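Peer 1: Can you keep this structure in mind? I'll have questions shortly.
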Number of protein chains: 2
Amino acid sequence: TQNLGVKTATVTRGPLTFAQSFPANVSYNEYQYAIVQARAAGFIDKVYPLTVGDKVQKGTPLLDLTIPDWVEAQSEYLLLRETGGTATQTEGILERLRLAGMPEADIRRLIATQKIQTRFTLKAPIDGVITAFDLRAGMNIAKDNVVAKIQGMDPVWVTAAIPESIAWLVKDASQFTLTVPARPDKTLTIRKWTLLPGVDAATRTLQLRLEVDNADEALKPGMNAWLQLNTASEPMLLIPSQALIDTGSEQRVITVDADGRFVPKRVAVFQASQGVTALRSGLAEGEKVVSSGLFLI
Amino acid sequence: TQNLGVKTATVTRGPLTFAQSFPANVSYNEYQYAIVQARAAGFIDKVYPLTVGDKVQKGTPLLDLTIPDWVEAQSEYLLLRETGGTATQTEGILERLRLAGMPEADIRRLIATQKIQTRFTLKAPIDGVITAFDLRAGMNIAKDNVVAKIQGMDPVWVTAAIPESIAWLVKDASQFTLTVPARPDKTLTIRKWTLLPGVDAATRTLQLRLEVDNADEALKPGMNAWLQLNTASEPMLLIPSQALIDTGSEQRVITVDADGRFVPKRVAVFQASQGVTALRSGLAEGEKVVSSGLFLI
């Protein structure tokens, strides 16, 4: 006939990629917590417009506390400077003050204006969301006490339930595709990942935590999430799923001899996945085949 | 480190074994059957006490049928024998009656007793169990119609569903273990397995046709059966679970220097299952570790 009209593809060896989807729940990191504690004893004042679940940044305000004890050993210092004292013990008294817990900032103000450092406003360390707070103005804070607990949310924590038999198969965070029913437009980025070895006696499941990048504050613990995972398979003979044809107990395809000529070739399919099929027996690597051809008998 | 009463085990490279469990349907094998089809057309007599689900032995009864068209061809043949009929033409018609559909030893009973053969009871081939066999007393058959068929129990067919992702991991049927709720048999030997490359779009599960040796007769299609599978994993550094210790970020064990002396080595467990654990990074093959006992500090 000589009326050819074809597009081709070439046999290769490689794995099959297996799609599989799992349920994940957004979560807050137990490393991204802060505990605002108080070095030394004192008494509260002010308190600020923080209710118990707001959002603070690098803790700008939080509460002012007066502290006795301190002022006494800052004053006895003011005389020593006023009385030609050893520039070693004046700074020595400051070192024992830094030990007590004095902010180097108010120390720097004591050296300048000399006006004694009365009470100071303590500020929260991280950005985040207040988890537990309370307190009222005019309490005595013991030693180091918890004045506040904060929760960061710059990283987030989706955790899928994985079969243990498939865990050793993971490897690279590029098989992870993360997607959420809610707020869908955002493209989640899996900054890290890890496999908390604790196996779910409930069936045989591993926990697969993924640190997701939360910088649009558009992720809330409890949201529904879908982990579109991917896997491989010991390398097999890959032909473009399209190029294969079956009629029943018989399954084969077209071979190309670089001569533009065709020929029947019986193959034995292993299985198919995502776009291609892999043969148990049949052809051989390099061999050519046709994925988009068209002709009659 | 000064106590005797300690046991020990050594780090050894190897794979983990993940046992699983799937639901298997029992089934009759499509190949171990026997169709009792009738050549030519005709009409039924007798039909015997078979009911459509009974036990037979080389189908020694079944049903009788008679044929109008056949008795005619033989008759004229008989007149050749009586008159002057060429030796080769009398056969010419016996050759046209064999292919017509006549049983041989029915034709050899024609030539033997010169009697028009008209009624042939037809037996069923195999020892088995009747599937399909309703029709009775005086009906019309044709071409090669099916008057009956039979099933065998020498092989039985449990077919568990497997996920495509774990499929390529199968191999060797020694990682198979079949079990039954009803009639927990001594043991049920797996004589041959086979993975049908058909992906059930319903789910992503491949069929795992499993041929069960049933020389006995204790299996029946429709029953429920459990198939427990034994997967593995690319090798890792294996230690006895007992031999590992950690309750926080500390996460490791004890090394033995053959001197009977010890040392803390910080490891990182990949995952575990069964009764052993696979290290990510920590120890080195051959390195010894303690699996029991203790000592003071």
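All residue names refer to the structure tokens as shown: chains lettered A, B, ... in order, residues numbered from 1 in each chain, ligands numbered from 1 in order.
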So these two share a sequence; what Cα RMSD do you get laying chain A over chain B, all Cα, in order, least squares?

Peer 2: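 Result: 2.7 Å C-alpha RMSD.
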
Peer 1: Return the neighbours of chain B among the residues of chain A, cut-off 8 Å, counting only C-alpha atoms, as a list in words.

Peer 2: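 Here is what falls inside 8 Å: residues 18, 164, 165, 166, 168, 195, 196, 197, 198, 199, 231, 232, 233, 234, 269, 270, 271 and 272 of chain A.
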
Peer 1: Deliver the residues from the most recent selection as a file, using N, CA and C atoms, as a PDB file, in the first residue's frame.

Peer 2:
```pdb
ATOM      1  N   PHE A  18       2.815   4.786  40.718  1.00  0.00           N
ATOM      2  CA  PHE A  18       1.513   4.479  41.290  1.00  0.00           C
ATOM      3  C   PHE A  18       0.919   5.637  42.081  1.00  0.00           C
ATOM      4  N   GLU A 164       2.425   0.512  56.404  1.00  0.00           N
ATOM      5  CA  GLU A 164       3.817   0.232  56.729  1.00  0.00           C
ATOM      6  C   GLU A 164       4.536  -0.497  55.596  1.00  0.00           C
ATOM      7  N   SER A 165       3.798  -1.294  54.834  1.00  0.00           N
ATOM      8  CA  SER A 165       4.404  -2.067  53.756  1.00  0.00           C
ATOM      9  C   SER A 165       4.898  -1.182  52.613  1.00  0.00           C
ATOM     10  N   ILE A 166       4.401   0.047  52.562  1.00  0.00           N
ATOM     11  CA  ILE A 166       4.712   0.941  51.458  1.00  0.00           C
ATOM     12  C   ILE A 166       5.617   2.088  51.888  1.00  0.00           C
ATOM     13  N   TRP A 168       8.898   2.164  53.100  1.00  0.00           N
ATOM     14  CA  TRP A 168      10.256   2.126  52.570  1.00  0.00           C
ATOM     15  C   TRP A 168      10.321   2.568  51.113  1.00  0.00           C
ATOM     16  N   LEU A 195       9.094  10.332  59.106  1.00  0.00           N
ATOM     17  CA  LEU A 195       8.303   9.131  59.317  1.00  0.00           C
ATOM     18  C   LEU A 195       8.377   8.709  60.780  1.00  0.00           C
ATOM     19  N   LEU A 196       7.471   9.228  61.603  1.00  0.00           N
ATOM     20  CA  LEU A 196       7.445   8.897  63.027  1.00  0.00           C
ATOM     21  C   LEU A 196       7.229   7.395  63.196  1.00  0.00           C
ATOM     22  N   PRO A 197       8.315   6.648  63.455  1.00  0.00           N
ATOM     23  CA  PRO A 197       8.329   5.179  63.413  1.00  0.00           C
ATOM     24  C   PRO A 197       7.173   4.487  64.143  1.00  0.00           C
ATOM     25  N   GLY A 198       6.477   5.198  65.027  1.00  0.00           N
ATOM     26  CA  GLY A 198       5.350   4.622  65.744  1.00  0.00           C
ATOM     27  C   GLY A 198       4.263   4.080  64.829  1.00  0.00           C
ATOM     28  N   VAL A 199       4.181   2.754  64.731  1.00  0.00           N
ATOM     29  CA  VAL A 199       3.240   2.096  63.825  1.00  0.00           C
ATOM     30  C   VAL A 199       1.841   1.973  64.425  1.00  0.00           C
ATOM     31  N   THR A 231       4.433   6.289  43.821  1.00  0.00           N
ATOM     32  CA  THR A 231       5.352   5.191  44.093  1.00  0.00           C
ATOM     33  C   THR A 231       5.985   4.694  42.792  1.00  0.00           C
ATOM     34  N   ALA A 232       6.922   3.760  42.907  1.00  0.00           N
ATOM     35  CA  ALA A 232       7.585   3.190  41.747  1.00  0.00           C
ATOM     36  C   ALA A 232       7.503   1.669  41.781  1.00  0.00           C
ATOM     37  N   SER A 233       8.193   1.027  40.843  1.00  0.00           N
ATOM     38  CA  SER A 233       8.208  -0.429  40.744  1.00  0.00           C
ATOM     39  C   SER A 233       9.498  -0.908  40.082  1.00  0.00           C
ATOM     40  N   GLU A 234      10.064  -1.999  40.593  1.00  0.00           N
ATOM     41  CA  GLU A 234      11.255  -2.577  39.989  1.00  0.00           C
ATOM     42  C   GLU A 234      11.122  -2.453  38.479  1.00  0.00           C
ATOM     43  N   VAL A 269       1.341  -8.751  29.100  1.00  0.00           N
ATOM     44  CA  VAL A 269       1.244  -7.607  30.000  1.00  0.00           C
ATOM     45  C   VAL A 269       1.368  -7.984  31.476  1.00  0.00           C
ATOM     46  N   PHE A 270       2.147  -7.190  32.206  1.00  0.00           N
ATOM     47  CA  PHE A 270       2.282  -7.337  33.649  1.00  0.00           C
ATOM     48  C   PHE A 270       1.148  -6.573  34.315  1.00  0.00           C
ATOM     49  N   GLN A 271       1.121  -5.262  34.087  1.00  0.00           N
ATOM     50  CA  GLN A 271      -0.002  -4.419  34.491  1.00  0.00           C
ATOM     51  C   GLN A 271       0.124  -3.019  33.902  1.00  0.00           C
ATOM     52  N   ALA A 272      -0.888  -2.188  34.128  1.00  0.00           N
ATOM     53  CA  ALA A 272      -0.886  -0.826  33.606  1.00  0.00           C
ATOM     54  C   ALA A 272      -1.133   0.183  34.719  1.00  0.00           C
TER      55      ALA A 272
END
```

Peer 1: To test your reading of the structure, identify every residue in region 46-291 of chain B that backbone DSSP assigns to strand (DSSP E), and report it as a PyMOL selection string.

Peer 2: chain B and resi 55-56+63-66+119-122+128-130+146-151+155-163+176-179+190-200+205-213+224-231+236-240+252-256+262-266+268-273+276-281+288-289

Peer 1: Pick from B:133, B:77, B:70, B:295: nearest to residue 37 (chain B), with only C-alpha atoms counted?

Peer 2: B:133

Peer 1: What does the distance from CA of residue 32 (chain A) to CA of residue 185 (chain A) come to in Å, to one decimal?

Peer 2: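 These atoms are spaced 25.8 Å apart.
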
Peer 1: Which of these residues is nearest to residue 152 (chain B), using only C-alpha atoms: B:221, B:23, B:260, B:101?

Peer 2: B:221

Peer 1: For residue 156 (chain B), work out the shell of residues within 6 Å, counting only C-alpha atoms and skipping chain neighbours fewer than 2 positions away, then give it as number ranges by chain.

Peer 2: B: 28, 211-212

Peer 1: Emit the selected residues as a PDB file, in the first residue's frame, including C-alpha atoms.

Peer 2:
```pdb
ATOM      1  CA  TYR B  28     -14.985 -23.015  40.615  1.00  0.00           C
ATOM      2  CA  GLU B 211      -5.490 -22.214  42.657  1.00  0.00           C
ATOM      3  CA  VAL B 212      -6.094 -24.318  45.769  1.00  0.00           C
TER       4      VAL B 212
END
```

Peer 1: So that I can see what lies close to residue 296 (chain B), please list as a compact mmCIF listing (two decimals) with N, CA and C atoms, in the first residue's frame the residues with an atom at most 12 Å from it, counting only C-alpha atoms and leaving out residues fewer than 6 positions away in the same chain.

Peer 2:
```txt
# COMPACT_ATOMS: atom_id res chain seq x y z
N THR B 1 29.18 -0.90 84.23
CA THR B 1 29.31 -1.98 83.25
C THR B 1 30.11 -3.15 83.82
N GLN B 2 29.50 -3.87 84.76
CA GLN B 2 30.14 -5.02 85.40
C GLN B 2 29.11 -6.05 85.88
N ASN B 3 28.39 -6.64 84.94
CA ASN B 3 27.39 -7.65 85.28
C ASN B 3 27.26 -8.76 84.24
N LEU B 4 27.21 -10.00 84.72
CA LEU B 4 26.98 -11.14 83.84
C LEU B 4 25.55 -11.63 83.98
N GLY B 5 24.90 -11.86 82.84
CA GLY B 5 23.51 -12.25 82.80
C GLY B 5 22.90 -11.67 81.54
```

Peer 1: Might you pull out every residue within 8 Å of residue 146 (chain A), with only C-alpha atoms counted and same-chain residues fewer than 4 positions away left off, and present them as a PyMOL selection string?

Peer 2: chain A and resi 35-38

Peer 1: If you run DSSP on this backbone, which residues of region 16-138 of chain B come out as alpha helix (DSSP H), and could you give them as a PyMOL selection string?

Peer 2: chain B and resi 68-82+89-98+104-107+110-113

Peer 1: Just the selected residues (N, CA, C and O atoms), exported as a compact mmCIF listing (two decimals), in the first residue's frame, please.

Peer 2:
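Everything below was put into out01.txt:
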```txt
# COMPACT_ATOMS: atom_id res chain seq x y z
N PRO B 68 -34.61 -38.46 13.75
CA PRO B 68 -35.36 -38.85 12.56
C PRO B 68 -34.47 -38.94 11.33
O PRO B 68 -34.50 -39.92 10.59
N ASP B 69 -33.68 -37.89 11.12
CA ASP B 69 -32.89 -37.74 9.91
C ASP B 69 -31.88 -38.86 9.73
O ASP B 69 -31.63 -39.32 8.62
N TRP B 70 -31.30 -39.30 10.84
CA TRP B 70 -30.25 -40.31 10.81
C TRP B 70 -30.77 -41.67 10.39
O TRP B 70 -30.19 -42.31 9.52
N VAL B 71 -31.86 -42.10 11.01
CA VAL B 71 -32.44 -43.42 10.73
C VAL B 71 -32.72 -43.60 9.25
O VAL B 71 -32.81 -44.73 8.76
N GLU B 72 -32.87 -42.49 8.54
CA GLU B 72 -33.20 -42.54 7.12
C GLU B 72 -31.98 -42.87 6.28
O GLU B 72 -32.02 -43.75 5.42
N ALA B 73 -30.88 -42.16 6.52
CA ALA B 73 -29.64 -42.37 5.78
C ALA B 73 -29.15 -43.81 5.93
O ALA B 73 -28.64 -44.40 4.98
N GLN B 74 -29.30 -44.36 7.13
CA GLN B 74 -28.90 -45.74 7.40
C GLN B 74 -29.79 -46.70 6.63
O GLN B 74 -29.31 -47.69 6.07
N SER B 75 -31.08 -46.42 6.60
CA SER B 75 -32.04 -47.32 5.97
C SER B 75 -31.64 -47.62 4.53
O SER B 75 -31.54 -48.78 4.13
N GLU B 76 -31.43 -46.56 3.75
CA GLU B 76 -31.09 -46.74 2.34
C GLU B 76 -29.77 -47.49 2.24
O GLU B 76 -29.58 -48.29 1.33
N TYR B 77 -28.87 -47.22 3.18
CA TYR B 77 -27.61 -47.95 3.27
C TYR B 77 -27.89 -49.44 3.36
O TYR B 77 -27.22 -50.25 2.71
N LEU B 78 -28.89 -49.80 4.15
CA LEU B 78 -29.23 -51.19 4.39
C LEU B 78 -29.69 -51.88 3.11
O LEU B 78 -29.46 -53.08 2.92
N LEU B 79 -30.35 -51.14 2.22
CA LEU B 79 -30.85 -51.73 0.98
C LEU B 79 -29.70 -52.00 0.01
O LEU B 79 -29.77 -52.93 -0.79
N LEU B 80 -28.65 -51.19 0.08
CA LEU B 80 -27.44 -51.47 -0.69
C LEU B 80 -26.85 -52.81 -0.28
O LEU B 80 -26.48 -53.62 -1.12
N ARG B 81 -26.75 -53.02 1.03
CA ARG B 81 -26.28 -54.29 1.58
C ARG B 81 -27.10 -55.49 1.07
O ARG B 81 -26.54 -56.53 0.74
N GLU B 82 -28.42 -55.33 1.03
CA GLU B 82 -29.30 -56.41 0.60
C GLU B 82 -29.29 -56.58 -0.91
O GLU B 82 -29.22 -57.70 -1.42
N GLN B 89 -19.16 -47.81 -2.10
CA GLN B 89 -20.26 -46.86 -1.97
C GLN B 89 -21.04 -47.09 -0.68
O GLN B 89 -21.56 -46.14 -0.08
N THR B 90 -21.12 -48.34 -0.25
CA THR B 90 -21.76 -48.66 1.03
C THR B 90 -21.00 -48.00 2.17
O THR B 90 -21.58 -47.70 3.22
N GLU B 91 -19.70 -47.80 1.98
CA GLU B 91 -18.87 -47.07 2.94
C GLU B 91 -19.00 -45.57 2.74
O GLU B 91 -19.02 -44.81 3.70
N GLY B 92 -19.09 -45.16 1.48
CA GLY B 92 -19.23 -43.75 1.16
C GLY B 92 -20.35 -43.11 1.96
O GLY B 92 -20.25 -41.94 2.35
N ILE B 93 -21.40 -43.87 2.21
CA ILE B 93 -22.54 -43.38 2.99
C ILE B 93 -22.30 -43.56 4.49
O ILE B 93 -22.86 -42.83 5.30
N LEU B 94 -21.47 -44.53 4.86
CA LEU B 94 -21.06 -44.69 6.25
C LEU B 94 -20.06 -43.60 6.64
O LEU B 94 -19.85 -43.34 7.82
N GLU B 95 -19.45 -42.98 5.64
CA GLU B 95 -18.52 -41.89 5.89
C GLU B 95 -19.32 -40.59 6.00
O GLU B 95 -18.93 -39.67 6.72
N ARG B 96 -20.44 -40.54 5.29
CA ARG B 96 -21.32 -39.38 5.33
C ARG B 96 -22.25 -39.42 6.55
O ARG B 96 -23.00 -38.47 6.79
N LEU B 97 -22.19 -40.51 7.30
CA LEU B 97 -23.03 -40.66 8.48
C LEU B 97 -22.20 -40.50 9.75
O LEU B 97 -22.74 -40.18 10.81
N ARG B 98 -20.90 -40.73 9.65
CA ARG B 98 -19.99 -40.51 10.77
C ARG B 98 -19.94 -39.03 11.09
O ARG B 98 -20.17 -38.61 12.23
N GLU B 104 -19.34 -43.65 16.73
CA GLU B 104 -18.73 -44.74 15.98
C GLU B 104 -19.29 -46.11 16.34
O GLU B 104 -19.75 -46.84 15.47
N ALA B 105 -19.27 -46.44 17.62
CA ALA B 105 -19.72 -47.75 18.07
C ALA B 105 -21.23 -47.91 17.96
O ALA B 105 -21.78 -48.94 18.35
N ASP B 106 -21.90 -46.88 17.44
CA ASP B 106 -23.31 -46.97 17.08
C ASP B 106 -23.42 -47.37 15.61
O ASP B 106 -24.32 -48.11 15.23
N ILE B 107 -22.49 -46.87 14.80
CA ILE B 107 -22.39 -47.27 13.40
C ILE B 107 -21.86 -48.69 13.28
O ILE B 107 -22.24 -49.44 12.38
N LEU B 110 -24.61 -50.87 13.64
CA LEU B 110 -25.42 -50.92 12.44
C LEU B 110 -24.94 -52.09 11.59
O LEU B 110 -25.66 -53.06 11.39
N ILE B 111 -23.70 -52.00 11.12
CA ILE B 111 -23.10 -53.04 10.30
C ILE B 111 -23.15 -54.41 10.97
O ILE B 111 -23.17 -55.44 10.31
N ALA B 112 -23.18 -54.41 12.30
CA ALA B 112 -23.12 -55.65 13.08
C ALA B 112 -24.44 -56.42 13.08
O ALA B 112 -24.45 -57.64 12.89
N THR B 113 -25.54 -55.71 13.31
CA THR B 113 -26.86 -56.33 13.43
C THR B 113 -27.84 -55.83 12.37
O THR B 113 -29.02 -56.15 12.41
```

Peer 1: Could you check which of A:289, A:62, A:158, A:173 is closest to residue 27 (chain A), using only C-alpha atoms?

Peer 2: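 That would be A:158, the residue with the smallest distance to residue 27 (chain A).
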
Peer 1: List the neighbours of residue 55 (chain B) out to 12 Å using only C-alpha atoms; skip same-chain residues closer than 5 positions along the sequence, and give me the result as a list in words.

Peer 2: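 Surrounding residues, per the criterion: residues 49, 50, 60, 61, 62, 124, 126, 127, 128, 129, 130, 131, 150, 151, 152, 153 and 217 of chain B.
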
Peer 1: In Å, with one decimal, what is the gap from CA of residue 239 (chain B) to CA of residue 172 (chain A)?

Peer 2: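 A separation of 25.0 Å between them.
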
Peer 1: Any idea what's packed within 12 Å of residue 157 (chain A), counting only C-alpha atoms, ignoring anything in its chain fewer than 3 positions away? Could you give it as JSON, numbers by chain?

Peer 2: {"A": [24, 25, 26, 27, 28, 29, 30, 31, 32, 152, 153, 154, 160, 178, 188, 189, 190, 191, 192, 193, 194, 207, 208, 209, 210, 211, 212, 213, 214, 219, 220, 221, 222, 223, 225]}
